[PDB]
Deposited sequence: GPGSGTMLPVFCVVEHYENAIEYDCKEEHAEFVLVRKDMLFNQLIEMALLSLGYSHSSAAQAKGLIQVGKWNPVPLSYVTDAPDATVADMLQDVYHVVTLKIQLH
């Protein structure tokens, strides 16, 4: 079933607008998701590190990624395997 591979698609909207799917490694830490998405788009290490990111399910209010889970070791797969197709990552440089 989809997602059983190594990557998950995450829809990203980057403003500073540009909206686009990015493939992210499932086994990487969820708390690094914003940085990883931006690095995939060619943003510098320092630009990726300083961005503001909110995650949105469907039409719900976007929230900080820290609202999603308290576990420092949560992976992208842990949090997104079941919901990647309805989430939007809203990133502000």
{"query": "Coordinate gaps, deposited numbering", "finding": "17 to 27, 105"}
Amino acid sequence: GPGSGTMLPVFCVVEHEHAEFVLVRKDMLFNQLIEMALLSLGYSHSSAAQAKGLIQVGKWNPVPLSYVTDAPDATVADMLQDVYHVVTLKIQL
From here on, numbers count along this sequence of modelled residues.
{"item": "Of 63 to 71 and 36 to 44, the one with larger mean CA B-factor", "value": "63 to 71"}
{"item": "Segment of higher mean CA temperature factor, 18 to 26 or 79 to 87", "value": "18 to 26"}
{"item": "Chain thirds of CA B-factor: placement of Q50", "value": "highest"}
